[PDB]
Structure formats: structure tokens, C-alpha cells
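Close look at the chain arrangement
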Amino acid sequence: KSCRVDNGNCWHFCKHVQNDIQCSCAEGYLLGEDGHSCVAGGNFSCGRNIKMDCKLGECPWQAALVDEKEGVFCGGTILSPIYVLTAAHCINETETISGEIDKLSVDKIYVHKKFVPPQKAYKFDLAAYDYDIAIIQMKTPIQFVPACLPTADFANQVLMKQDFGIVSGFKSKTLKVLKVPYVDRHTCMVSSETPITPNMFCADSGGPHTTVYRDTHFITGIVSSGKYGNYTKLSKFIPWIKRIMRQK
Amino acid sequence: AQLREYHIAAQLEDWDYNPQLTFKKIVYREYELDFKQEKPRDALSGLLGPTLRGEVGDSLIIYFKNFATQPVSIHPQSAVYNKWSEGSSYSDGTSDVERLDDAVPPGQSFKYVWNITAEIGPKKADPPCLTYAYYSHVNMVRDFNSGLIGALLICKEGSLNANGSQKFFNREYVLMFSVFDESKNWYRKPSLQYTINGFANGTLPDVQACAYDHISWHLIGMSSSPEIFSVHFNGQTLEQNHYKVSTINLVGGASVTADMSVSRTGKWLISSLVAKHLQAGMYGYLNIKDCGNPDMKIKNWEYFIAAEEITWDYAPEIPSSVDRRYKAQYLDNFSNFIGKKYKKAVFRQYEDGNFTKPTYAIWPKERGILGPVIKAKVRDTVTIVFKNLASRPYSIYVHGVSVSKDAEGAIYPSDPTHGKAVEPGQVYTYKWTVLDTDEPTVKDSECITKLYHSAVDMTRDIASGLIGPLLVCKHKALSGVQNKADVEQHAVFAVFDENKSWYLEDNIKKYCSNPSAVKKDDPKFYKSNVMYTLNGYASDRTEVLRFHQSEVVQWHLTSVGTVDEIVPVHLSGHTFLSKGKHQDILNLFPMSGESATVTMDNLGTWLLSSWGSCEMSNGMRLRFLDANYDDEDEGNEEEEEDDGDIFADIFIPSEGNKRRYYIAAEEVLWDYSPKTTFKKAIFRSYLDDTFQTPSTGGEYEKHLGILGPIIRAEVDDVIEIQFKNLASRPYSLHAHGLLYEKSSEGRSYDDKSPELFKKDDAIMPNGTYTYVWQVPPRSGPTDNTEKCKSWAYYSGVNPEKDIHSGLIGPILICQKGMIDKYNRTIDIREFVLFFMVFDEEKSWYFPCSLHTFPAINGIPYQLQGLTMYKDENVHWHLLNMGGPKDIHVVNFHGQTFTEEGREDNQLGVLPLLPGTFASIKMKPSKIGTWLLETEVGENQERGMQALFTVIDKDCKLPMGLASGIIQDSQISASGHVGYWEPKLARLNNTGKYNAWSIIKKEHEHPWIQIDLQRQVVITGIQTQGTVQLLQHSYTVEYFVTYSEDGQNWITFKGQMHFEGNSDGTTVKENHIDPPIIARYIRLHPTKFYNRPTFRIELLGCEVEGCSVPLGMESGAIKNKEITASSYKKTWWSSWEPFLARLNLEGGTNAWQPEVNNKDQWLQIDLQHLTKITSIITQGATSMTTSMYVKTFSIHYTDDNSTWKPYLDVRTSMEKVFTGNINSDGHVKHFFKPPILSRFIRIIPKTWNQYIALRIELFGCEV
Ligand SMILES: *[C@@H]1O[C@H](CO)[C@@H](O[C@@H]2O[C@H](CO)[C@@H](O[C@@H]3O[C@H](CO[C@H]4O[C@H](CO[C@H]5O[C@H](CO)[C@@H](O)[C@H](O)[C@@H]5O)[C@@H](O)[C@H](O[C@H]5O[C@H](CO)[C@@H](O)[C@H](O)[C@@H]5O)[C@@H]4O)[C@@H](O)[C@H](O[C@H]4O[C@H](CO)[C@@H](O)[C@H](O)[C@@H]4O[C@H]4O[C@H](CO)[C@@H](O)[C@H](O)[C@@H]4O)[C@@H]3O)[C@H](O)[C@H]2NC(C)=O)[C@H](O)[C@H]1NC(C)=O
Ligand SMILES: *[C@H]1O[C@H](CO)[C@@H](O[C@@H]2O[C@H](CO)[C@@H](O)[C@H](O)[C@H]2NC(C)=O)[C@H](O)[C@H]1NC(C)=O
Ligand SMILES: *[C@@H]1O[C@H](CO[C@H]2O[C@@H](C)[C@@H](O)[C@@H](O)[C@@H]2O)[C@@H](O)[C@H](O)[C@H]1NC(C)=O
Ligand SMILES: *[C@@H]1O[C@H](CO)[C@@H](O)[C@H](O)[C@H]1NC(C)=O
Ligand SMILES: [Ca+2]
Ligand SMILES: [Ca+2]
Ligand SMILES: [Cu+2]
């Protein structure tokens, strides 16, 4: 149960063998010659930032949904050169949708099949913004940095087990940033009149909520709505994202 | 403020537990002034003495006159007294003036003066007036059972009227639930009575209260041996300290303060809903009667439930797990026993009045034999339609709801029927509403737990299977689902006893082998039927209650049935979140539920169970899984395999620090009286992983007793316990509270983990393991207010039988940062107390109850190390672990404490429940030796009771080496080189030879003993050597070695060695946090420059720290009071007996008698009684010879105006002290047990020249 014990002294993803403890790495990373070290494999490796307003180059991943009429309506998080993560309630609420901190065509967009919009949250007395998650696919490959995608376990027992998280939430003319502490689940559930589902968690909507580790950046959640702020517990939608990535 | 004066007295009386054979008892009773006409005294107080009151700042006097056959006393649970009002007798080394209260013989009287301080007042979060008990401490177990007992009320400032009655409440009633055993009452009778305020068989006079009133209840449960209650007021809910309720949990020797709020007219029943209590007839009435006085989200609910006579099987899918001797004693139907299933009459819910189609397909999954789960918010109107289908009549009764007598649903013994008891085929509809007074508080959880059953024969009705959980919730649980939580759970610990059912013979005449001989009540047989359940399941099953990870499941526990003991309960890795606190265990008073919220912070399968009877172990348990969802199937599947749906709608249009210990389960011999000497398995720490080098004892650890080492850590830290057995049988390490994996659990149950995680389950002798435990936020202190969280650690193999064998330890988790240089907490005092009644008949070492030692830390009575200053933050971590029978209402005498986290809650007495451990903060107000305790009679007197001690904050005052007041005849050394003497080892002392200094050798180490000639308190040393000029020759390092019995002594270690001087003059001072107390002290130097040069002085105070100049020398004592037997007045000069002052030079300095004889005396009147501890004696110089008293005696005043010589405790006659040897010399003499008189005389027996002297009394104002 070492992995559980300080994360098998591992830099990133600690897993399990029958009497073992398998150490993995994030995308674009080289595992430690030790068997745990784990280092940047390339120059466009995710997570690497620069080491209020988030300096240009500090939030290399952050994304901005632009509408012809309303301009920047929602934020996003670049996962890969083709797909960028956003919120479900951020799509089909504006006439259109399309490396900058001073206030790209969208090909396809996958809205989780279980997302519950306010209106629909009314039609069947269901959790509002439940499954507030979606993935946008660019028409042309973006030239690089993206954020690193973590594993359910790693995110549950290592990442979300931090003191505070980063929420580069932009209405200012320049980009914003801030650190938000991870609040208890009961604290959260008893702190809002809105019932939060086991998909959410609390501590601009569409922006990235990342938890830092070994000078690296792991996407943990994404802006929801809203007392504390609500986020989409990306822990529960890791396989759903890999599904769409493993697209081809 | 005010001066309250009561006239109380003991006296016999022919009490009859039924007033509609009587017993002669000794009880209290308020006689009027001068004891003229007694007084009214209500007819409700029964045996209970007269209730005392008194705000804050007031003062109470009690004129006690003992008209009894025995010596009685008066004694308050509240620290509003001193040792001359304590009313208790122990080893406190006080004056016969302070033991006059301890006991009062027949005919004798006494004035009890109490000062109700502000330190002991209710204050912030407590009601206007707190409840407390008082009673004859002399033999409590024998004195109470007699009747000597009453109630004290430490009201708060400005909460009373002239009436003396409380102003906040419209009413005020004192209820003492007491169990009396005349077989202990001096006038022994073989009888046992369960009474409220002395009235048995439910004859307690009718209480009275108009409708819409606000009552202030002051309940007091008590007995001789461990007794627990659970009072209840029908169709009425209370607020036990900011918590909505309905069932009050009072233990033997505890008090309860709650504020009710009636709302429904009619006479209600008052009982303790316990099995035994209820059959003993113990009950009363709340006779409410209207009096004209005046008193959306809402969605009136509606339930359709019905009584169905079904066949219930406690044993469905009984899995291997269960104990064999169990499924043979209770389950298996062999031996003519009924077996597993009996005929039941349970509840069932329908969707319509036609009572045709039920609201389920299978009997609910998981809620066993539990009826439908009712629910409702505040201001909602629930409507139940009850339909009896069973053989005999039944009813519906709910708790925590101000139901009306028209919809009460309960039958009283005083009735011939209004929907109270519906009959077969009959239909009735209860219509009650959830009043705001029934609403739960801000402390309560979203939902308060409660129950409902039939009131036809409640006990016998339930045994036949009529129970159902009922939740009352604020405006949250919305729909009608829960809210805030992702899982509403229920765990009703019901104990159904067939032999108390209505089908008792419908089962025997059906499921029996030959009912013919079926002998109901035949032990073996009876116990069979009376089986234990959890949600109706009389044993663990094959299915596991599965929950998710990181999700918060809200529970709702409630021990129903005929439970007589306190039903504790246990989790694992996971913890309950009760009353805003975390607890790895929960004790359940019968019939009063509790609502925790155990979040799933840990994964893996775990066990939940109540640990007590070989019946409670299996009859009440279950397992629950706690994992994720994982994998996925999908990602791996795609990679090696067959991909599935996406689950999306397309669219795009738009132009902590470590910490390790090395423990080991060693084998030791233990006797509880240093035949009282048994063998036991204990713990003990080792220096490192090598072992064989056990870490040595310290000063603090001088109280821990048997308890293993203190496993201490901070939040987020990780513990690495390298445990290794060392005994005859295998043992294990289990840790409470902490977050331990299945590899660090230490317990074998249906855990699904592999052998990889079982190896920790138990370690056979020599076995070696490592327990990596983890401290997460929820295992330490909750909120800043709290400083350190308490947890225990014991055996896993067999907890109870292992924990009794001498295996147990303390765990402390303090705030991140609160631990100093060396592993100890700073800025606070620390004590860990283990209240447990060891039973060497349970321990493994001894030939599924004669040798009991009700002791604390395995040391009944003795112990030690309980020395704390006055006013200094001292905490007390309390740990209990006994079965359901050892409750331990812990008590600090003359002290008052708050329980950490709750600094706004006073108490002063704290029932320590089984498997409980809470930390409290002290800061004592009185100085001296005091008893700490259990208010539980049986144990109190049979071991469980250790004495503690306090020292005046100012206790570092020079103690007599510079001043010499300490004879040179007291200082001695192992040897000295040169003219240097031990006699010359004083501070700042000058001369060619000013210190003591020997010559070190390859021989032994040198020492220098300082005899104080009597036990004292030291808290500091001071050192230096003398400078010749070129070299100083001083001591560099050293250590101490005290001892009160002359020769045998211990070494000090708080620590081992102290800092020596830097030169041959500089004064280096050292401190001693754990104050030393001994007749003798020694200084052994280790390092030095040139030679162990030593001159010193002690810093401490007296055991009582009273010694203060009374004014002789100062003059405070006028010379008018200074009488004498005769003062020589010659034509020239005379010495008046008021010229006898210390350090006085000028004129005729002193006092000498005209006639020098053994008949002379010097009387110093103090007018008012004062405490005297030590008196110095001087001499006089003038013309012919300089005089002084060579020896003397001392006479003083007695309780009743009579002279008495200061007799010796170490001899037959009054001590004869050795006076001065000169003129201008001092010679302080102390008084073993202080003198508490107003008149001191000094009869000189031997003198030099003409009897002359200068006196300087020492004492406090008492
Ligand atoms: C109106 O009048 C009054 C009230 O208004 C009522 O009278 C009282 O009614 C109640 C309830 O019915 C009775 O309570 C019960 O009392 C019995 C009697 O036990 C006493 O003597 C015991 C010793 O007896 C000897 O012989 C037995 C059997 O051979 C041996 O076991 C013993 O060792 C003895 O040799 C003694 O042990 C009892 O306790 C004493 O010692 C214990 C130490 O543990 C102390 O705590 C006590 O203070 C006390 O000093 C007692 O003195 C008890 O046995 C009953 O307790 C058991 O049974 C209960 C069911 O009633 C139930 O709660 C538990 O089972 C409880 O557990 C005890 O017995 C178990 C056996 O099943 C054991 O497993 C367990 O270890 C424990 O021993 C119970 O308390 C009063 O006695 C009775 N008084 C009277 C009649 O004068 C009356 O009912 C009312 N009537 C109406 C119509 O309203
Ligand atoms: C456990 O095994 C037995 C007792 O259970 C003992 O074995 C001893 O081992 C030590 C060192 O190997 C020897 O000195 C002894 O001679 C062995 N036997 C006895 C009776 O002393 C020992 O108590 C435990 N094992 C060890 C290694 O201590
Ligand atoms: C008793 O039930 C009656 C059954 O009619 C049906 O009610 C429908 C609303 C539906 O639930 C069906 O499943 C039932 O079979 C119902 O009409 C009455 O309201 C009920 N009360 C009576 C007959 O007094
Ligand atoms: C004597 O030495 C000690 C130094 O601590 C102290 O009593 C004082 O300084 C000296 N005497 C004095 C100051 O009169
Ligand atoms: Ca006393
Ligand atoms: Ca295990
Ligand atoms: Cu006491």
C-alpha cells in the first residue's frame, strides 16, 4: 500500500502490482531512471508554467471562448493540440464560438450526455450543472502549453489532497489568477442551498482549476457556477476524456 | 451578591416507597432557624434533601446538625469550597480545624461556608443555573443508599429573584432518578428500590405545569453501582444544552440541565425507557393544564402503515464468519429451541388506504425488520393512517414530536380509548405537527434521529417486533430525499426478547421439538429467545453495505429493544462526526438516537460492531465496502480491445513530518498494592530498533501507570511503530482515530484483503511488524480552540481480554507546531488518565469476577506525579475502555474544568463512557492535595481514586541557604578537600573559604545532601564556585537525587543533567518544571574546572505554601493582643510581652518573665482564626548575659474553646522543639499538620540566662 503511503515516493502516477508498486508519468514525460524521478520529455511538455493577473506565459494553457456578439463568454483549458476542455453550460448559449492575456475555428464539440442544464434541472427535479463538462476540438492543430491530465487515483489521493489550487479565472481587461483552498465535502454540501453532486467540488466559468505538484501542473477541475466556488470534479471524468482523446 | 443561610440536618425517618412496610432512613432536611420548627419542604422532594441555590458572588452557609446514628457530612460536586468545607476525608495533611468538616458524629454540628466563585459559574454556553448533587461523603455507598442526598444549583449572576426562583423559566423542577439498595443502608434490609426522588412504584407526586409554559429541568441520576438512565417526557421534547432531544442520557452520579417548552394539554408519563426501569414501575406524570396564557416549503406529509403478523428470520444467509457457539446458542434450532425465525408483528407501508398494494416488493433491503422510515421538517404536518392487521390491538407512537393527547398514541395505566390503541382490522389516523420547539438546533445535524412504536405495552409490543426509525429535519432534506448528504443510513441496535412477545407460545407451539415439555423461563431456553439484532439481523451476513469513496454518508443510530447497558459502537479507518466532533466510537443510551456523518475518507472493506457480551459481538455487527469505481474497463479495453459508446452530444456550428517509535509487548508482574500481585503483558518503548535497551522513565511518566508510552504526533505527520511481540500469546497494535490502511489495522474479520494485508492482524511471540499510521486533519484537533486530540491503542487479537491483561496505551495529536526541543508539549501541563476496572478473570494470564481492581492506570489509589501549579493551564486526557458496565463519572475535587473545544461549557463532573476519550482543560483555583475520582460508589471506594496536588504559583522563593534559616547542621557532603565545608555551601558567601569543594578520583562521584528536615517543594537550583583570583574552581555540570525517606531516593529527569557555572562567581539558575517534593535533596557534580567547587541555594515553597509573616515583626499584630504570663518590670527597665518581635534591636529588645519557670508562657491573640505553619524564635542581648530559649513547647486553641498542646504525629506527647543557640539567631520551626487556632502559646522548657525571645508567626488567612 506504498503508493497510498506518500505516493510510493513517486513524482507522478503511482499504481499497483500484486506485491509491487508501479510508477508512471504524465503525458510528454520521461520516467525516472530511478523508477520514480520522472522528468520533462520535451520542450512542449504539459504542466510547465514558468519555472492577480496571470502573467502571459504563466497560464500557457488557459483558453478563451470568443463570441462574435458577446466576445469572451467562457474560458477553457488546452488539453492537446486538437482538443480543449470546457464547461457544458458554456456551449450553445452564444451565437458563435472560437497565448494572450490582453483582453481559431472550433470544429467539433463533445457535450457530456448526462449534463443537466438549469432549465433541464427544472424539468426533472435534477442536480443543476451536474456533469458540467465538455470537450472542444479545433479545426487546425494549435502550435505550442497544455495542462497535464492526471489519473483518478492520483487526483483523488495526491492532487486534490493539497492546501490550495490555482483558478486562473479572468470582467477585467487582463487575465486573473488566484489560489483556492480545498474545502470539505460536507462543509461544501452544508454551505450551499444548491445540492452539489458527487461529480462536483468547491474551493470565468470554463476556466482551468489545476493542482500543482513537483513544479508541475495537473488539471483537477473546471469552473462551474457560483459561499464557495463550485468545480467539476475531473476525477470522475478521466476515462470519459481519454475516450474522446483516444479518438482517432 | 448575597449571604444565603440554610439550616440543614440529618435524621432518621420511616420512609415508604409507596404512600397511596416502611424503612428507616437517614436523610437531610431543612430545619428552620435555630432548628425551631423544621420547614414546609415540598412533597415532591421525597427523600431528596433540600435543594440549595446561590448565584455567582453569593455565599452559602449550612448549619448542619447530625441527628443520625452515624457520622454524616455535606459535600458538593461543585468546587465552591475549601478543605474546611470539603466534607470529605482523605490524606490531605491539614489541621484538625480542616478535618472538622470531614465527618460529624451524632449530636455534633458544623458551619459550612461556601464561596460560589465566578470561576465555577455557568457562564457562556451554559443555562442560567447548572445542576449538581451533594451528599454524605463519609461512606457515600452506605450513606447515600440510606437517603442522605440532595441537589445543589450553581446558578449564574442575575438569574434569580428574591423568591430565589429562576426568572428565565416559568417553572423549575428537580428530578433525581435514583436506585436505592436498603441492603446497604446501615439499617440493612434485603430490598432494592427504583425510585424518582424516593417515590417507587410510580407514586411520585403529580408535577404541575400550565399549558404553553417554559420549564427548566434539573435531572439527577444516581446510585451506588454503575447505573444508566434515559429519562423521557411523553409528547414533549427538551434541549439538553443547545441540542434538541426527547431522551435524556443521565448516568449514576451525573446531573442534567434542560429547558422544555410544553404545548399540549393533558397528563403525560415520565419514565426511563429502559427495560428494567420500566418494569420496576419507576414513573411519574407531567400534569399540564391550560391556564388562558397565550402560546412556505411546508408540505403536510401522509403515510399509510399497517401492523402485519409475519414470520421473521433474524438468520438469513448466515455466513461462516459468525461464532459457532452462537448459531448453536441462539440460531440453530437444535435442542428443542425455536431456532432462527419466530412470529413477528412488524410495520409495513402502503400507497393507499385500501391497504392492498404495499409500497415495496421485498421487505426493504437493509432495514431488516425495521418498519417504514418516517420523516418531516419543521412546521410540516405529517398524517399517519394506522391499520392493525395483527391478532391483538396495537398503536403508533413517535418521539421528538409534541403530539397531542388526541393523537398521542400511548396507553397509560390509568385508563379503561382515543386512537391510543387501535384494534385488529381497525383503522386510525394520527395527525400531529412538527412545532418550532421540536425543531433541532444549529448544533444538531441536518436531521435529528428518533423512533416510533406501539404504546399498548411498549416493551412487550417492541419485543414482538414493532419498531421504526423517524427523522426530524430542519428545512434541508428536500423532496422527500436527504440533503447535504449522499447516503441516508440506519443502524438500529434492537434487542428483541421473544419471551416478552405476544407470540411467545405461537412460536413454541410451532417451531419447537416437543412444546409439551417446553419450559419457558428455563435459563438456557430463555436466553435463547432473547436475541440481539442490528436492523433485525441477529448476525453478520454474506452481503456487505457498500459505499463510495470521498462521499459523506449520514447515519442514524438508535439502540431500541430491552437494552439494559449502554450499547457502544465501532467503525474502522472511518470515524463518526457527532456533535461537531470526531469519535471512532459511539455509546448509545437506550431509546435516544444519535445522528453522525461518517465520511468515506478511507477505502477498503471494514467492520462495524458493538463490543461487549459474547452476544453483542455477533448479534450486532456488519461489514461495509469503501472503494472507487475503477479502472477503467473502457480505456484498457480500447487499448487491448473493444471500445464502446462515447456518451457525448456533438456540435460545432458557428460562422507533514515523520515520527517513529520502537514499542514491544513485554511480560510483567503487577500487584495493585505496593494476592494483589499478578502477571501481565504490558508495552514499553525502546531506544531504537535494536531493542534490549528499553527507554528509561521520566518524571512526568511517573503517573502514566500501566499505560504504554505516549504515541504523540501532529496532523499530516506519519507514524512508524516498529512493534514486536515478546510474550506467551500473539498480540497486535490497533490505533484509534488515526488513518491506518488494512496493513496497519490489527484485526481479523471478513476483510476481503489478501494475506498481504492480514499479516498485521496478529503477531505471535517474537513476531515483528511495522505499523505506518497516518494523521489526517480529521484525526487531530478540530478548530483552533482545541489543542490536542486524544486516541487510544490496544490489542487487536482480542481487544477486551487483551486490554484487561495489561495491554493499553495513549495517543496524542497536538496542533501542528506544539511540541518542543525534546518530545514534550510546551506552555501546558499534561496528564493521561485511564479509568478502567481491570478484571484478572478476563486477562489471558490466569487459572462465547472476584479479582477486580477498580483502579486508574492500573494503580488503584496510589499513582503520583500529579503536581500542578495554581492557575497554570493543565490538560487531562481521559481514556476509558471497559464494557457497558464501567461508566466513570470523573471528578476533580475543589476544581472546575471545561472540556476542550467547548470552552463555553462548564460542567465539573464528566461521565466518561466506554470507549471514550476527551481532553479537558484545568487551571486549578485551590492549593494543596486533592482527590480525583469517580462519583461511582462501588469503584470510588474500591481503588479508582488517585490524589493530586497543586502549588502556589509563586513557588520559587529563596528557601534558606543564603539566610541560613537552614541549620549548618543540615548540610552534609560525601567528602571535602581542604577547609571547604558543606556547612559553608551558601550563595554569595564570602571568606577565604566560602564553599564546599572536594577532590575527584577514579573512585566514586561526590555529592552534597541538603536536608530540609521536612518534605517541601523545590522548583530551581543555583550554582557557583569561589574565586581565589587566578583560577575559580567551579562546577560545570551536575544532577539531582531527592528522597523523602532518608536513604532510598530517585533521580530527577524532566532533566538528567544540569548546566554548571561559567566561572567562580556567576550565578547560574536552573528550573524544574515537574516540581520535586521530598525531605532530602542531593547535588552530584559531573563536570568542573579545577575541582567541584559548590555553594548553592534552593528555590521552592512549602507543600501548602502558606508560610507568610503574620505581622509580629511587621507590627500588623497590635501589642494589645500580645498577652503574657508575666513581664519582668524592674524599677529601671521591664520587658513587656508586646516587645517580643523578630529582628528587633532598640531599647529592651524582647520579652522576659519576672518569674522564670516551666509555668511561663507567651500568648499571642489573633482575634480571628488564622492558619499557622511555621514560627521563628529569637533571643536578647543586654548587660548580664544574652538570653534565649533552649527548648520549648506550643499550646493552641481548639474547635470548642479549650487549650490543647501541639501533640506530635511522630510521638506520644506534644513535640518539644530546639530553641536558639545564641541571641541574634533565628530557628524556624514548622508544624507537621498546620495549626488552625486563634491563640498560640509558647511554653519554654529550657532557656539560657533569663527567658527572652522574639517571635515571628507564619501563616495564611484561611
Ligand atoms: C414496584 O416496586 C419496585 C419498584 O417500584 C419493584 O421492585 C423491584 O423491581 C425491579 C425490576 O423488576 C427489580 O430489579 C431487579 O432486581 C433483581 C434482584 O437482584 C438483586 O439481588 C442480586 C443478588 O441475588 C442473589 O441471587 C442471584 C440469583 O441466584 C445471584 O445472581 C446473585 O449473585 C445473588 O447471589 C444482586 O446481584 C442484584 O444486584 C446487586 O448487585 C449488583 C452488582 O452488579 C449491583 O449493581 C446492585 O446495585 C445490587 O446491589 C440485586 O441486589 C436483579 O437481579 C435484576 O437485575 C437483572 O435483571 C434485570 C431484570 O429485572 C435486568 O435489568 C438484568 O438482567 C439485570 O442483570 C442482573 O441479572 C442478570 C441475570 O439475568 C445478570 O446477568 C447480571 O449480571 C445482573 O446481575 C433487577 O435489577 C428489583 O429487584 C425489585 N425489588 C424488589 C421487588 O424489592 C417492583 O417490581 C414494582 N412492582 C410493580 C408491580 O410495579
Ligand atoms: C523467541 O523464541 C524463543 C522463545 O519464544 C527464544 O529463542 C531464543 O533465541 C535467543 C537468540 O536467538 C537465544 O539466546 C535463546 O537461547 C533462545 N531460546 C531461549 C529459551 O532463550 C527467544 O526468547 C525468542 N527469540 C529470540 C531471537 O530472542
Ligand atoms: C384506493 O385505491 C384506489 C385504486 O384505484 C387506483 O388508484 C390509482 C390512482 C392508481 O394508483 C392505481 O394503481 C390504483 O389501483 C384509488 O382509486 C383510491 O384513491 C384509494 N382509496 C379508496 C378506494 O378509498
Ligand atoms: C548576591 O548575588 C546574587 C546574584 O544573583 C544576588 O543575591 C545579588 O545580585 C547579590 N547581592 C546583592 C545584589 O546585594
Ligand atoms: Ca477537610
Ligand atoms: Ca488487516
Ligand atoms: Cu468524591
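Residues numbered from 1 in each chain as written, not as in the entry; some residues may be left out. Chains lettered and ligands numbered in written order. Heavy atoms only, no water. Residues with missing side-chain atoms left out of burial classes, pairs and counts.

1. Structural notes on the overall build of chain A
- The helix and strand tally for chain A stands at four helices and 13 strands.
- Against the globule reference of 18 Å for 248 residues, chain A gives a C-alpha radius of gyration of 18 Å, in line with a compact fold.
- Dimensions of chain A along its principal axes, counting C-alpha atoms only, are 55 × 40 × 40 Å. (Helix = DSSP H or I, 4+ residues; strand = E, 2+ residues; numbered from the N terminus. Rg over C-alpha atoms; globule rule 2.2 N^0.38 Å.)

2. Points about the overall build of chain B
- Counting its regular elements, chain B contains 10 helices and 73 strands.
- Taking 1262 residues into account, the globule formula puts the C-alpha radius of gyration at 33 Å, and chain B, at 36 Å, falls close to it.
- The dimensions of chain B, computed from C-alpha atoms along their principal axes, are 120 × 85 × 85 Å.

3. Some thoughts on the state of the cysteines
All names here are of chain A.
- Here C3 engages in a disulfide with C14; their sulfurs sit 2.0 Å apart. Sign of the S-S torsion, about -80° for the bond between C3 and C14, identifies this disulfide as left-handed. Of this pair, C3 sits in the segment before β1 (29–30) while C14 is found in the segment before β1, placing the two residues 11 residues apart along the sequence.
- Through a disulfide, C25 is tied to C38; the S-S separation comes to 2.0 Å. On the criterion of sequence distance, the pair formed by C25 in the segment before β1 and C38 in the loop between β1 and β2 (39–40) is long-range, its members being 13 residues apart. (Disulfide = S-S within 2.5 Å.)

4. Here we look at the sheet that holds strand β8 (residues 164–167) of chain A
Residue and element names in this part refer to chain A.
- Spatially, four strands are ordered β9-β8-β11-β12 in an open sheet, and the strand pairing comes out antiparallel. The two strands at the open ends of the sheet, each matched to only one other strand, are β9 (179–181) and β12 (216–222). On average, each strand axis in the sheet is tilted by 40° relative to the strand beside it, whichever way the strands run.
- Across three bridges, the pairing between β8 and β9 is antiparallel. The partner of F164 across the bridge, within β9, is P181. (Pairing = 2+ DSSP bridges. Axes fitted to C-alpha atoms, helices over the stretch in contact; angles between N-to-C directions.)

5. Some details on the interface of chain B and chain A
- Between chain B and chain A, the contact holds 28 residues from the first and 32 residues from the second.
- Elements with a minimum of two residues in the side of chain B that touches chain A: α8 (633–640) and β34 (648–649) of chain B.
- Examining the composition of the side of chain B that touches chain A, we find that three residues originate from one element, α8 of chain B, more than from any other.
- Broken down by class, the residue content of the side of chain B that touches chain A amounts to 10 nonpolar, eight polar and 10 charged.
- In the sheet, strand β6 (residues 106–112) of chain A pairs with β34 of chain B via two bridges, with the strands oriented antiparallel. (Contact = heavy atoms within 4.5 Å. Nonpolar A, V, L, I, M, F, W, Y, C, P; charged D, E, K, R; others polar.)

6. Focus on the UniProt feature "active site" in chain A
Residues and elements named next belong to chain A.
- Residues annotated by UniProt as "active site" correspond here to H89, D132 and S205.
- Residue position: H89 is located in the loop between β5 (83–86) and β6.
- For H89, the residues in contact, after removing those within four places along its chain, are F115, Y129, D132, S205 and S224.
- Of the polar contacts made by the side chain of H89, one reaches the side chain of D132; its length is 2.7 Å. (UniProt positions renumbered as here; feature names shortened; annotations may be inferred. Polar contact = N/O pair within 3.5 Å; in protein donor to acceptor, adjacent residues only side chain to side chain.)

7. Topic: the UniProt feature "disulfide bond" in chain B
Residues and elements named next belong to chain B.
- Judged by the under 2.5 Å criterion, the sulfur atoms of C129 and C155, which UniProt pairs in a disulfide, are close enough at 2.0 Å to be bonded in these coordinates. Taken together, the residues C129 in strand β6 (residues 129–134) and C155 in strand β7 (residues 150–155) connect sequence positions 26 residues apart.
- With its sulfur atoms 2.0 Å apart, the UniProt disulfide linking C1106 and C1260 appears as an intact bond in this structure. With a gap of 154 residues between them, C1106 in the loop between β61 (1097–1101) and β62 (1122–1124) and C1260 in strand β73 (residues 1255–1260) connect regions that are remote in the sequence.

8. Topic: the sheet that holds strand β64 (residues 1171–1177) of chain B
All names here are of chain B.
- Strands sit in the order β70-β64-β73 across an open sheet of three strands; the sheet is antiparallel. The sheet is open, and its two borders are formed by β70 (1229–1235) and β73, each paired with just one other strand. Strand-to-strand twist in this sheet, taken as the mean axis angle between neighbours without regard to direction, amounts to 20°.
- Where β64 lies against β70, three bridges are found, and the strand directions are antiparallel.

9. Looking at the side chain of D130 of chain A
- Along the chain, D130 of chain A falls in the loop between α1 (118–123) and β7 (134–138).
- In this structure the side chain of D130 of chain A is engaged in a polar contact, spanning 2.7 Å, whose partner is the side chain of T197 of chain A.

10. What about the domain arrangement of chain A?
All names here are of chain A.
- Domain annotation for chain A reports domain 1 (1–40) and domain 2 (74–248).
- One C-alpha centre belongs to domain 1, the other to domain 2, and the line joining them spans 26 Å.
- Between domain 1 and domain 2, the contact holds seven residues from the first and 10 residues from the second.
- Of the residues in the side of domain 1 that touches domain 2, the class split is five nonpolar, two polar and no charged. (Domains from an automatic or database assignment.)

11. Some words on the pattern of salt bridges
Residues and elements named next belong to chain B.
- Measuring nitrogen to oxygen at the nearest pair gives 2.7 Å for the salt bridge that ties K343 to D506.
- Note that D497 is salt-bridged to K500, the shortest N-O span being 2.1 Å.
- Residues joined by salt bridges that share partners form a network here, namely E309, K343 and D506. (Salt bridge = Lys/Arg side-chain N within 4 Å of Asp/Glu carboxyl O.)

12. Digging into the UniProt feature "binding site: Ca(2+) 1" in chain B
Residue and element names in this part refer to chain B.
- Here the UniProt feature "binding site: Ca(2+) 1" sits at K83, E98, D101 and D102. Taking the farthest pair of C-alpha atoms as the criterion, the annotated set spanning 20 residues converges on one region, since that pair is 8.5 Å apart.
- Its place among the elements puts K83 in the loop between β4 (59–67) and β5 (109–114).
- Contact partners of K83, with chain neighbours within four places excluded, come to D92, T94, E98, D101, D102, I927, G928, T929 and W930.
- Tracing the backbone shows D102 in the loop between β4 and β5.
- Filtering out sequence-adjacent residues up to four positions away, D102 remains in contact with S73, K83, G87, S88, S89, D92 and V138.

13. Remarks on the packing of aromatic side chains
- Both rings, one in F201 of chain A and one in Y231 of chain A, keep their centres 5.3 Å apart while their planes meet at 25°; by these two values the pair is stacked.
- A centroid spacing of 5.7 Å and a plane angle of 20° characterise the contact between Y1038 of chain B and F1058 of chain B, whose relative ring orientation is stacked.
- Each member of the aromatic cluster is reached from another via a ring pair, and the members are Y672, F678, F834, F838 and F853 of chain B.
- Lying over the aromatic face of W844 of chain B, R729 of chain B brings its terminal NZ or CZ to 3.5 Å of the ring centre. (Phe/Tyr/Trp six-rings, centres within 6.5 Å; stacked < 30°, edge-to-face > 60°. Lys NZ or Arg CZ within 6 Å of the ring centre and 35° of its normal.)

14. Looking at the side chain of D213 of chain B
Residues and elements named next belong to chain B.
- Along the chain, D213 falls in the loop between β10 (207–210) and β11 (215–222).
- Reaching out from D213, the side chain makes a polar contact with the side chain of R171 at a distance of 3.1 Å.
- When sequence neighbours within four positions are dropped, the list of residues in contact with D213 reads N170, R171, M260, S261 and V262.

15. Topic: unusual backbone geometry
Residues and elements named next belong to chain B.
- Here the amide bond leading from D631 into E632 is cis, since omega sits at -10°, within 30 degrees of zero.
- If you trace the backbone, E632 turns up in the loop between β33 (621–626) and α8.
- Within the chain, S550 stands out as a residue other than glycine whose phi angle is a positive 70°.
- Residue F647 is not a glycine yet carries a positive backbone phi of 90°.
- Relative to the helices and strands, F647 is located in the loop between α8 and β34.

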